[PDB]
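To begin, one chain is listed below as structure tokens, in the form deposited without ligand NIO.
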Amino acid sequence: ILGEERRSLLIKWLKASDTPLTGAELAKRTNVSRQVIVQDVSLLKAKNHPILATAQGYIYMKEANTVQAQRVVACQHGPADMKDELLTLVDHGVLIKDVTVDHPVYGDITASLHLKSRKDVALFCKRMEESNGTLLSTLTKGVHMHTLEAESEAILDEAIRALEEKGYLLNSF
């Protein structure tokens, strides 16, 4: 019952929140470890709760106030340009919803980044440099996809235009 009561609290907190809630925050609210929160959210996902784990924490998926434009963007940059590419997008008010790499073993690998702010980008680059961080490894030579979303198609156009200026787009060939 304690597990069921804890998971009931998680649902309530995720639905009330407008920002991602880290596993560490949820763990401290319920006096468990962050590994236990991983298991709780896994059980809730299997009961068809649209809960998403992002680089900044968990979100309960719900629809927005206004229709947000979306676009799939093919990108490619050097092994040390990732922070600059991500900062370029968030500075245009674009949500970096995910990244996808065409892996030769796993197939398409997609990570739900949900980067929105400069601090999101900085902390994500900080923690991934402090580990192996080879999702964008030597395998695809920098080639990767992004799902971007913004308030309008004109904002996406300008953000993508800024990527091309910096040479971060995959160019037709």
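Residue indices: 1-based, along the sequence shown.
The next section is about a form of this same protein that is not shown, the form solved in complex with ligand NIO.
**Q** At 4.5 angstroms, heavy atoms only, are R7, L21 and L43 all close to ligand NIO in the deposited bound form?
**A** Verified in the deposited bound form; spot residues all out of contact, no.
**Q** Is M82 close to ligand NIO in the deposited bound form, meaning a heavy atom pair under 4.5 Å apart or at it?
**A** Taking the distances in the deposited bound form, the answer for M82 is yes, it comes within 4.5 Å of ligand NIO.
**Q** So in the deposited bound form, does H77 come within 4.5 Å of ligand NIO, heavy atom to heavy atom?
**A** Although ligand NIO is absent here, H77 would touch it in the deposited bound form, with heavy atoms inside 4.5 Å.
**Q** Flag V99 as yes or no: does it have a non-hydrogen atom within 4.5 angstroms of any non-hydrogen atom of ligand NIO in the deposited bound form?
**A** Looking in the deposited bound form, residue contacts with ligand NIO include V99, since a heavy atom lies within 4.5 Å.
**Q** Check whether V94 has any heavy atom within 4.5 Å of a heavy atom of ligand NIO in the deposited bound form, and answer yes or no.
**A** Close contact is absent here: in the deposited bound form, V94 is far from ligand NIO, nothing within 4.5 Å, heavy atoms only.
**Q** Want to guess which of 25-33, 102-110, 122-130, 65-73 is within 4.5 Å of ligand NIO in the deposited bound form, heavy atoms only?
**A** Going by heavy atoms within 4.5 Å, the stretch is 122-130.
**Q** Taking ligand NIO in the deposited bound form, which residues of 117-148 have any heavy atom within 4.5 Å of it?
**A** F124, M128, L135, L136, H144, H146, in sequence order.
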